[PDB]
Amino acid sequence: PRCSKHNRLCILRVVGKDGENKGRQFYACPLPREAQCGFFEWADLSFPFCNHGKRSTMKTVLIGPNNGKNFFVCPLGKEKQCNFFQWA
Ligand SMILES: [Zn+2]
Ligand SMILES: [Zn+2]
C-alpha cells in the first residue's frame with residue numbers, strides 16, 4: 001500500500017508503546033519524519049491467525065535464495081509462542 005498525499009510505498013512500523021497493542025504492525029508514510037504525512041493503516045487486518053486464534057506477526061528473512069521473503073509467526077514471545085508458521 002501507498003499513502004494518499006504521496007503515492008509512495010509505505011514502511012511497516014511497530015507500535016513501540018504501552019497498551020493492548022504493543023507490537024502491532026502498521027503501514028505508515030515512508031518519507032523522513034518531516035514531510036511525513038499522517039498516513040496510518042493497520043497491516044494485520046488480512047494476516048493469518050496463529051494457533052492461539054490471534055493475528056500473526058510478519059517477519060522478513062535476514063543470505064540464501066529465500067532472502068527477503070516474508071513469513072508469519074505467533075506474536076506472543078518465544079516462551080509462549082505457538083508453533084504456527086506460514087510463508088507470505
Ligand atoms: Zn505520505
Ligand atoms: Zn500463537
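Order of listing sets the numbers, starting from 1, for every ligand and every atom in it. Worth knowing before you read on, the calculation uses all heavy atoms, side chains too, and leaves out hydrogens, waters and symmetry mates. Count residues from 1 along the sequence.
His52 contributes ND1 as its N, O or S atom closest to the Zn ion (ligand 2). Nearest N/O/S atom of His6 with respect to the Zn ion (ligand 1) is recorded as ND1.
Put simply, the side chain of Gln25 does not reach to within 4.5 Å of the side chain of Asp44, judged on heavy atoms. Side-chain atoms of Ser4 and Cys37, non-hydrogen and from C-beta on, never get closer than 4.5 Å to each other.
Taking backbone and side chain together, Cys10 holds no N, O or S atom under 2.8 Å from the Zn ion (ligand 1).
Cluster membership check: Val73 shares its hydrophobic cluster with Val61, using side-chain heavy-atom separations under 4.5 Å among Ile, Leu, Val, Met, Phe, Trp and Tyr. When hydrophobic clusters are built by joining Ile, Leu, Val, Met, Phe, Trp and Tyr residues whose side-chain heavy atoms come closer than 4.5 Å, directly or via intermediates, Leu45 is grouped together with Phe26.
The Zn ion (ligand 1) is the vertex of the angle joining SG of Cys37 and SG of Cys3, which measures 110° to the nearest 10°. Here the Zn ion (ligand 2) is the vertex; the SG atom in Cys82 and the SG atom in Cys50 give an angle of 110° (to 10°).
Here the CZ atom belonging to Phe71 is positioned 5.5 Å from the CZ atom belonging to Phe85, to the nearest 0.5 angstrom.
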